[PDB]
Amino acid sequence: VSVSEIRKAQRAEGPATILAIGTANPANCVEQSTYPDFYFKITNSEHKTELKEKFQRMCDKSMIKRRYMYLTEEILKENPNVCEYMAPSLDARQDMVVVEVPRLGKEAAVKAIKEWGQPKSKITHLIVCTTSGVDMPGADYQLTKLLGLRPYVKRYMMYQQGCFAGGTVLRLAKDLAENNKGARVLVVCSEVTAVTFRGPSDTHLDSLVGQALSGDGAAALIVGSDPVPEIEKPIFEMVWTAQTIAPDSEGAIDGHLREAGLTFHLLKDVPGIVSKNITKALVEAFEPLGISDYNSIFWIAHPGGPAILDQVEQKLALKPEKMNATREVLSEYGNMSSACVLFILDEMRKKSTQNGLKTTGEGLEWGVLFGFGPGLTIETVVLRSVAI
């Protein structure tokens, strides 16, 4: 047997391509304007007047209009330990998210598979990503069962990676599709804030900021190399990826999964660190392609909050429209952790197509997607748009 012949026959030929994108969110829509009142009432903290005033300013500066939350008033009434700042509550949270993560992921995945239009039996690989709970068999097994994928789908279960993982799933899917002839990868990012929701405390304002920004949602992709012309429909091509840890960022974003659930700790200035390291990431990605004008490419940036976006724009002198797609998803959905960047790709290609632009990347050829999260980690994905 010839391994060289096997290897040649086994691998794909072209760039990994996104062929479908579908999203889903819990039905419960929570207005941001009235959130301070709701959140302080439900967590029994109405007497904490100065703290409530700080939270009101956080929500007012968030640039989020609404979020979709699995947690409702009724669910929170049955779970006082989840409403406390710090009470034993992981079992309750896990019971919620071990079911909700695959439920919500299934809705997105069905939408993506419908768009793709090919039999779900042709899905060869499955990547599932969540920072909302863990279980064995994982959410990948649950989604294989729920969707009726083949039992021999090759699964990649990415748990507890955080806000920068929408880039990580793209980086992974690229190698799976590109090294395997005929591979078609279903990618599902599904994030639910029931694991992090908790009451307010005036000595932990970093935890409070997350209560103003995080929301729920799932997004699913079909990724494959060598699309079948006119049967399959390329949306974006992946060309190069990177992951790096910013200097002087130790403890910028920590998250510990404990008996009281997942709690986040912000010990450094995240917008400052991202802004100070974004140029280096751009020159690694785009110097090899000969491009140095960062207004000439299309942009997708994880909106961990609005000042990350504001400080990046100011650092680079981006035109205000560059972050439009990113800001539209922040406004309508909040920070949905790993799924957020995939919602932004969907928004960008939909607006580009609806408005008759020349490519799915706002009429431009090359683009960049960033994820930002614990480490401090920056994920970079270089993309090429598709005509029409």
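Numbers follow the displayed sequence, beginning with 1.
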{"item": "Segment of higher mean CA temperature factor, 258-266 or 213-221", "value": "258-266"}
{"item": "Mean Cα B-factor comparison, 239-247 or 267-275, giving the higher one as deposited", "value": "267-275"}
{"item": "Most elevated Cα B-factor in the entry, residues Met348, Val341, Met58, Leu330", "value": "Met58"}
{"item": "Residue with highest C-alpha B-factor in the PDB entry, from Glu115, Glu284, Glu107, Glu191", "value": "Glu284"}
{"item": "For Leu364, the third of its chain into which the C-alpha B factor falls", "value": "middle"}
{"item": "Third of chain Cα B-factors occupied by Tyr156", "value": "lowest"}
{"item": "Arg384 by Cα B-factor - lowest, middle or highest third of the modelled chain", "value": "lowest"}
{"item": "B-factor third for the C-alpha atom of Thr124 within its chain", "value": "lowest"}
{"item": "Relative C-alpha B-factor of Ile378, binned into the chain's lowest, middle or highest third", "value": "lowest"}
